[PDB]
Amino acid sequence: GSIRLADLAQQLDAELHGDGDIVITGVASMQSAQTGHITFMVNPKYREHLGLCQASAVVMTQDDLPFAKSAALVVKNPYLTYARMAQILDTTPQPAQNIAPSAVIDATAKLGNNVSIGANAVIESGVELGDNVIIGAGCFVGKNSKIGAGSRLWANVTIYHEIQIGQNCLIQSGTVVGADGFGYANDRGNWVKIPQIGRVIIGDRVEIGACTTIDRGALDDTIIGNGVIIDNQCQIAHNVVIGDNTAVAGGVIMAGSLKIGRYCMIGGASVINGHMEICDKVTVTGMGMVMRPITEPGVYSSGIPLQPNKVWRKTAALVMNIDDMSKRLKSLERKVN
Amino acid sequence: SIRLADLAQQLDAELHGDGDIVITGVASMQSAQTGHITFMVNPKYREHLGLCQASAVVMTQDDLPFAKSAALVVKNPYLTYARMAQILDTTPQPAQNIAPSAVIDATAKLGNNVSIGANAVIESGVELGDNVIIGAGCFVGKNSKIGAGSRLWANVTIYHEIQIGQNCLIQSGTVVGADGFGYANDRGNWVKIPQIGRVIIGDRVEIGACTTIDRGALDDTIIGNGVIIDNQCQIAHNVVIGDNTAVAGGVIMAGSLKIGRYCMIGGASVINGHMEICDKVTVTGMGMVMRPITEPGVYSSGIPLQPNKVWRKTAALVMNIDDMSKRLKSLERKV
Amino acid sequence: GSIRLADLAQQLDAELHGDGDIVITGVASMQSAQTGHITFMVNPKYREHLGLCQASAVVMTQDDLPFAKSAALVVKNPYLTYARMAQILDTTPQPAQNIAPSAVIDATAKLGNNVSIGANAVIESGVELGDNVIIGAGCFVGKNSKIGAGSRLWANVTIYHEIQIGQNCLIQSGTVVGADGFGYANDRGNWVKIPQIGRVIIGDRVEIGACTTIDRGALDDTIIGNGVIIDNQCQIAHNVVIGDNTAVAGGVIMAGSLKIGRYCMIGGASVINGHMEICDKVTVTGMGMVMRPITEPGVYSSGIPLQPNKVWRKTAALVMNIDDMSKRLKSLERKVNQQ
Ligand SMILES: CC1(C)CC(=O)c2c(nc3nn(-c4ccccc4)c(O)c3c2-c2cccs2)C1
Ligand SMILES: CC1(C)CC(=O)c2c(nc3nn(-c4ccccc4)c(O)c3c2-c2cccs2)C1
Ligand SMILES: Cc1ccc2c(c1)-c1c(cnn1CC(=O)Nc1ccc3c(c1)OCCO3)CO2
Ligand SMILES: [Mg+2]
Ligand SMILES: [Mg+2]
């Protein structure tokens with residue numbers, strides 16, 4: 001939806017330098033922007049490049065202003081302003097509008113005001129959908145689950161029974177919330193299923209990527225705190241607890257009964273052992289092999305990275321034989337001493 | 001609800017306390033309230049059984065002196081817990097009866113008491129055995145066969161010509177029978193090899209959510225009886241998994257791997273193909289399996305986490321370990 | 001489906017030795033093949049085994065021919081001929097045929113000729129489906145997305161809005177194309193979503209496995225080149241660009257803004273970090289941990305493989321303490337150097 005530059009500047013708390021009557025139609029990258037677009041500059045190395053940008057307006061700082069070759073919106077934080085203006089001008093559609101005649105909705109489900117449910121979605125008995133909730137096409141929402149006001153599911157999301165989802169969450173397609181945890185007892189080599197009768201509780205303002213799986217708890221619950229952001233294809237096992245505002249990047253695999261504190265950052269493709277705790281304010285870099293508890297805040301890493309194959313063959317063989325190398329070092333130390 | 005004495009009989013457990021107590025459900029020790037049965041495995045909880053508010057606790061004989069409530073005495077509290085949770089299970093079924101919005105080919109062959117959820121799609125020639133339950137939004141492709149008692153949660157995809165045994169359970173988002181990753185090369189251009197084998201899943205197999213099991217190229221991908229597979233796993237074409245093996249979350253297996261019986265594959269392991277793992281092998285988490293495993297036991301890989309400042313030095317030195325080796329050999333020659 | 005052996009041989013450009021009137025019904029492995037089946041031999045150790053194979057015909061080389069115990073098709077490349085004959089005799093069904101009454105299709109969607117849309121599929125406003133496109137049961141195709149002629153989606157594929165897919169592509173079930181990239185700003189310790197208003201552009205002849213995710217770009221686009229093959233459970237982040245003919249095996253994760261060249265081969269379970277480039281003709285072996293750009297073609301690897309647990313415990317402890325081993329070696333060198 002188009003907006004006058006002066007009105008956009010007011011909504012952004014930006015200082016306008018230039019024509020307030022310019023009409024802005026959307027956001028674009030600096031290299032792709034054309035007339036009607038607003039863009040932003042975060043890297044001052046691009047000052048000398050601004051004459052190449054065809055945007056109608058550029059968000060920048062006060063120090064950048066002398067280098068502008070366009071209307072400019074001056075702010076302290078161009079990146080955050082970009083995020084805000086991209087929300088004002090967002091072109092992303094809603095997953096559904098109104099209630100599709102092909103949706104299958106149990107007579108006992110409770111729908112708030114202004115709820116939309118897409119084609120062929122399936123809502124079980126006892127479900128409660130808060131005001132402004134949007135359920136995409138093809139979703140399934142299981143018995144007695146509750147989805148708080150303003151939350152949105154994209155197409156083909158699966159929510160099992162007895163799940164609680166807070167307000168203003170966003171779940172991408174293919175995600176499964178509330179499948180059975182991996183709970184089995186062993187009887188003489190045969191696995192005996194343990195029914196998983198806990199739940200999943202997801203807080204407010206949680207964003208979950210695509211094809212992520214969050215299993216329900218065995219007895220007590222799997223819990224995702226407020227403001228958590230989880231990328232695609234993560235596995236959050238039964239009885240995991242993830243503290244408020246933690247970020248989990250793509251493809252992280254967590255085992256059961258892991259507790260992660262608040263304010264953590266878990267890098268993509270990490271692997272985290274279960275039945276243990278990671279304290280608040282921990283960053284694990286990508287592909288981290290988290291075998292043991294983390295008890296102090298800070299940054300932690302693992303992994304021996306890529307080498308040319310010919311070199312790697314020697315590295316791996318020598319590491320595998322490092323005990324012999326250690327024994328030889330000690331023997332030579334003794335001989336020299 | 002069930003009387004404690006009746007529950008104790010079904011569990012073959014020895015009752016110490018009031019058999020007339022009514023048990024309504026299972027709970028953890030910390031959450032248990034009047035009416036709940038709970039269990040303990042670790043002796044550390046003995047000291048505060050007096051804070052547990054369950055109506056009964058499953059425990060061992062050595063635990064009995066510490067009991068502060070009715071107690072069921074058994075040899076294996078964890079297994080008894082599994083059985084009592086089955087007796088008291090509150091989990092609903094994926095569907096009941098056949099939904100009017102399900103789309104079912106007239107040539108599907110349906111047993112007795114089959115339930116099919118809303119908007120599920122059943123192709124021609126599919127056979128569903130007695131008591132099979134197909135969740136909402138599933139797809140079951142042409143000529144696939146699902147044995148008696150098996151159940152699919154919502155939004156499961158089964159391709160064509162797949163065979164699934166009796167009493168299996170498949171969680172949502174899983175895909176069984178997609179094409180294996182098979183391509184010839186005609187001068188830099190990939191040429192698709194149609195994948196015309198199948199997947200054969202035995203009896204009592206449980207598969208997690210968003211797991212993929214690909215069909216074979218000519219012969220079949222095979223999942224043995226009693227296998228349990230967690231979420232986010234990839235089982236490539238022509239993999240064979242032996243009975244009772246367990247595969248934890250996020251494991252990736254390459255084509256034509258054969259895994260034996262009673263194996264335990266830890267989470268996020270990577271198992272290469274065209275090789276065999278014998279029976280009774282455990283691979284720990286993130287294991288990098290490059291070679292056949294011919295003896296039972298526990299196997300591991302990986303250099304675990306360190307503080308970043310320490311890791312930087314560890315990785316740099318490991319990357320230069322050939323130079324360290326050459327320097328050591330030079331020093332030996334000199335000495 | 002069935003075809004006379006002489007006709008199959010002509011279509012494969014193979015030399016027939018045997019009865020061209022044999023009727024071939026399908027392809028099978030050597031171990032499983034029965035009357036009516038054609039099979040192939042690539043490994044000459046099986047020459048002595050050919051009398052146990054009950055196929056009606058076997059594809060083989062001229063050097064294998066004296067060992068035959070069946071009608072034979074002689075070719076230079078049995079494996080490639082196998083791929084071609086399996087295509088000729090393919091038993092794989094189509095994801096759908098015709099337009100299902102239970103599909104929900106916006107009035108503004110545009111269909112080419114001979115499109116098939118499966119049961120309970122959902123097609124949004126503005127979608128364009130090319131000639132011969134097949135959309136499987138239960139799929140979702142979001143607003144304004146375009147799928148080129150001959151492309152096929154299996155059941156339960158999700159395509160978001162503003163996605164472009166070329167011709168003759170194949171996408172397996174459970175895959176999600178165009179979900180939001182993992183983009184957030186920081187407002188005084190609160191995450192602020194960055195709308196992901198770029199797209200995904202997929203070229204021609206791309207095959208994508210099952211439960212793979214390919215996120216849309218933040219402003220500009222995620223791009224998959226022509227002829228790319230991507231296995232199951234892969235994660236392609238926002239703004240990744242993959243060059244023509246690259247192959248990505250199962251379970252690979254690629255972080256945002258990675259650029260991969262043409263003719264690359266990325267082994268299963270690799271982890272490729274972002275904001276960097278991999279040049280053409282690079283092979284990364286399985287489980288590779290890619291932290292830096294790759295500027296020269298060739299083969300690259302990482303990872304310390306499995307050992308018995310008791311051995312691994314000692315290996316890991318010694319590696320974690322390798323700085324002390326390095327210091328000890330340096331001290332010993334100074335002593336041997338008389339310093
Ligand atoms: C949340 C944010 C706005 C900032 C952030 O913290 C983050 C972001 N995207 C990431 N992608 N990958 C990734 C993905 C796949 C493979 C390898 C790496 C990370 O590790 C990512 C991280 C993190 C780095 C270290 C801890 S979390 C976006
Ligand atoms: C594309 C092709 C026809 C040939 C090919 O190169 C390839 C293929 N299938 C693979 N499966 N896995 C795999 C899968 C899961 C776990 C571990 C390994 C690889 O790594 C594979 C590779 C590659 C090897 C090195 C770089 S790509 C089939
Ligand atoms: C996730 C993680 C991360 C880092 C790790 C470990 C685990 C780990 C290491 C050594 N032991 N463990 C625990 C482990 O792998 N247990 C295990 C093994 C096989 C199984 C299983 C559990 O669940 C049932 C299926 O088979 C090395 O670092
Ligand atoms: Mg319908
Ligand atoms: Mg992985």
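Letters go in sequence order (proteins before strands), and every chain restarts at 1. Atom set for the values below is all heavy atoms of this structure, side chains included, hydrogens, waters and symmetry mates excluded.
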(request) Would you sort out whether A:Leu219 and B:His36 count as a side chain to side chain contact (heavy atoms under 4.5 Å, CB included), showing the intermediate values? (result) CA-CA 12 Å; A:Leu219 293 165; B:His36 284 137; over 6 Å; no
(request) Give a yes or no on whether A:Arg328 atom CZ has more than 12 heavy-atom contacts from other residues, nucleotides or ligands under 6.0 Å away. (result) yes
(request) Locate the shortest heavy-atom distance separating A:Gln235 from B:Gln232; write the atom from each residue and the value. (result) CB-CG, 3.9 Å
(message) Let me confirm one number: the NZ-CE distance from B:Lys329 to A:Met325, rounded to the nearest 0.5 Å.
(response) 8.0 Å
(request) With a 4.5 angstrom heavy-atom cut-off, could you sort out which part of B:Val247 is near chain A: side chain, backbone, both or neither? (result) backbone
(request) Counting only heavy atoms closer than 4.5 Å, note whether A:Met291 contacts chain B via side chain, backbone, both or neither. (result) side chain
(request) Give the minimum heavy-atom separation between B:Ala315 and A:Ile304, together with the two atoms involved. (result) CA-CD1, 4.1 Å
(message) Within a 6.0 Å radius of atom CD on B:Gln53, are there more than 12 heavy atoms belonging to other residues, nucleotides or ligands?
(response) no
(request) Kindly say whether A:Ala185 contributes a backbone atom to a donor-acceptor pair with the side chain of B:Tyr81 at under 3.5 angstrom? (result) no
(message) Report which part of A:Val176 has an atom under 4.5 Å of a heavy atom belonging to chain B: side chain, backbone, both, or neither.
(response) side chain
(request) Could you look at A:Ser270 and say if it's the side chain, the backbone, both or neither that has a heavy atom under 4.5 Å from chain B? (result) neither
(request) Side chain from CB out, backbone as N, CA, C, O: work out which of these in A:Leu332 comes under 4.5 Å of a heavy atom of chain B, or both, or neither. (result) side chain
(request) Name the region of A:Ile253, side chain, backbone, both or neither, that has any atom closer than 4.5 Å to a heavy atom of chain B. (result) side chain
(request) Report yes if the side chains of B:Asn119 and A:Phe140 come closer than 4.5 Å at any heavy-atom pair, otherwise no. (result) no
(request) For residues A:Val271 and B:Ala268, report the shortest heavy-atom separation together with the two atoms involved. (result) CG2-CB, 3.5 Å
(request) Just give me the residue among B:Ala209, B:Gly226, B:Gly135 that pairs up with chain A most often, heavy atom to heavy atom, under 4.5 Å. (result) B:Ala209
(request) Counting only heavy atoms closer than 4.5 Å, note whether B:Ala316 contacts chain A via side chain, backbone, both or neither. (result) neither
(message) Heavy-atom cut-off 4.5 Å, strictly under: side chain, backbone, both or neither for A:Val177 against chain B?
(response) neither
(request) Please report the shortest heavy-atom distance between A:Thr315 and B:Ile321, naming the atom on each side. (result) CA-CG2, 3.8 Å
(request) Look at the aromatic rings of B:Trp153 and A:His161 and report parallel, tilted or perpendicular, splitting at 30° and 60°. (result) parallel
(request) Measure the spacing between CG of B:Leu305 and OG1 of A:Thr285 and express it to the nearest 0.5 Å. (result) 7.0 Å
(request) Give the member of B:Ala248, B:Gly25, B:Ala27 that has the highest number of heavy-atom pairs under 4.5 Å with chain A. (result) B:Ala27
(request) Name all residues meeting the salt bridge (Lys or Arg N to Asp or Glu O under 4.0 Å) criterion together with B:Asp89; count only those two or more places apart in sequence or in a different chain, and write none if there are none. (result) none
(request) Look at B:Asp322, B:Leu328, B:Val26 and state which one has the largest set of heavy-atom pairs under 4.5 Å with chain A. (result) B:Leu328
(request) Would you check if the side chain of B:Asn231 reaches a backbone N or O of A:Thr213 as a donor-acceptor pair within less than 3.5 Å? (result) no
(message) Does any backbone or side-chain atom of B:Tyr262 lie under 4.5 Å from a heavy atom of chain A? Answer side chain, backbone, both or neither.
(response) side chain
(request) Measure A:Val319 against the heavy atoms of chain B and call it side chain, backbone, both or neither at under 4.5 Å. (result) both
(message) Heavy-atom cut-off 4.5 Å, strictly under: side chain, backbone, both or neither for A:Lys143 against chain B?
(response) side chain
(message) At a 4.5 Å cut-off on heavy atoms, which part of A:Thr212 comes close to chain B: side chain, backbone, both, or neither?
(response) backbone
(message) Taking side chain as everything from C-beta outward and backbone as N, CA, C, O, which of these in A:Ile214 sits under 4.5 Å from a heavy atom of chain B? Side chain, backbone, both or neither.
(response) neither
(message) Under 4.5 Å from any heavy atom of chain A, what part of B:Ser325 do you find: side chain, backbone, both or neither?
(response) both
(request) Could you go through the side chain to side chain contact (heavy atoms under 4.5 Å, CB included) check for B:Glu206 and A:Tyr184 one step at a time? (result) CA-CA 10 Å; B:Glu206 298 229 355; A:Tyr184 299 87; 2.6 Å; yes
(request) With a 4.5 Å cut-off on heavy-atom pairs, point out which of A:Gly288, A:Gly303, A:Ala121 contacts chain B the most. (result) A:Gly303
(message) Please report the interatomic distance CD1(A:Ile272) to CE(B:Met286), rounded to the nearest 0.5 Å.
(response) 10.5 Å
(request) Please state whether the side chain, the backbone, both or neither of B:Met264 comes within less than 4.5 Å of a heavy atom of chain A. (result) side chain
(request) Heavy atoms only, distances under 4.5 angstrom: which of B:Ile229, B:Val227, B:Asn320 has the most pairs with chain A? Name it, please. (result) B:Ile229
(request) Using modelled atom types only, decide if a donor and an acceptor are shared between the side chain of B:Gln171 and the backbone of A:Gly181 within a distance under 3.5 Å. (result) no
(message) On a heavy-atom basis, which atom in B:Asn244 and which in A:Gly189 lie closest, and how many Å separate them?
(response) CB-O, 3.4 Å
(request) Name the option with the most non-hydrogen atom pairs under 4.5 Å to chain A; the candidates are B:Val335, B:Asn76, B:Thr90. (result) B:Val335
(request) Under 4.5 Å heavy-atom distance to chain A, tell me which part of B:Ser301 shows up: side chain, backbone, both or neither. (result) backbone
(request) Pick one of side chain, backbone, both or neither for A:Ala255, based on which atoms fall under 4.5 Å of a heavy atom in chain B. (result) neither
(message) As an exercise: rank A:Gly298, A:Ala179, A:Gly142, A:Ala237 by heavy-atom pairs under 4.5 Å with chain B and give me the winner.
(response) A:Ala179
(request) Give a yes or no on whether B:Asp12 atom CG has more than 12 heavy-atom contacts from other residues, nucleotides or ligands under 6.0 Å away. (result) no
(message) I'd like to know which of B:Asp230, B:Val310, B:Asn225, B:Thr91 tops the heavy-atom pair count under 4.5 Å against chain A.
(response) B:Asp230
(message) Please determine whether side chain to side chain contact (heavy atoms under 4.5 Å, CB included) holds for the pair B:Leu169 and A:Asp180, giving the CA-CA distance in whole Å, both sets of side-chain angles, and the decisive distance to 0.1 Å.
(response) CA-CA 10 Å; B:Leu169 180 63; A:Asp180 283 338; 3.9 Å; yes
(message) Please determine whether the number of non-hydrogen atoms from other residues, nucleotides or ligands lying under 6.0 Å from atom CD of B:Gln93 exceeds 12.
(response) yes
(message) Could you report the tightest heavy-atom contact between A:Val192 and B:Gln86, atom names first, then the distance?
(response) CG1-NE2, 3.6 Å
(message) Between A:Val104, A:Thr158, A:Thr283, who has the most heavy-atom pairs with chain B when the cutoff is under 4.5 Å?
(response) A:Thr158
